[PDB]
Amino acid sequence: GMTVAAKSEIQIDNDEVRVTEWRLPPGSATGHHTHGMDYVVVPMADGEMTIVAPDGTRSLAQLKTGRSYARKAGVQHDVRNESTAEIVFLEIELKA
């Protein structure tokens, strides 16, 4: 298939967190997925993510290196890189 895959590396997966480094080449996509845990995103590169909602509507979100944000369990989205730059962020999922 033509869709380019997002790359992931799990850096930590202990009793507190699962930390995954995500790298999205230009023209890649995570595919739609569902979040089962609250999480923090730490962007490692400046960029522009495309977020596709379950209904197909689309939004762009700016990532700024070192500017973290928090999200709750239940988020459902496809994250795509429609930009010319590799997107890089760490996702820190918050375990119980």
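Start at 1 and count along the sequence shown; that's the residue number.
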| field | Per the entry, higher mean C-alpha B factor between 1-9 and 87-95 | value | 1-9
| request: Could you say which of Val19, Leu24, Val75, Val79 has its CA atom at the highest B factor, as listed in the PDB entry? | output: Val75
| query | Considering only modelled residues of the same chain, in which third does the CA B-factor of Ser68 rank: lowest, middle or highest? | reply | lowest
| note | Chain thirds by Cα B factor, record data; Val41 belongs to the lowest
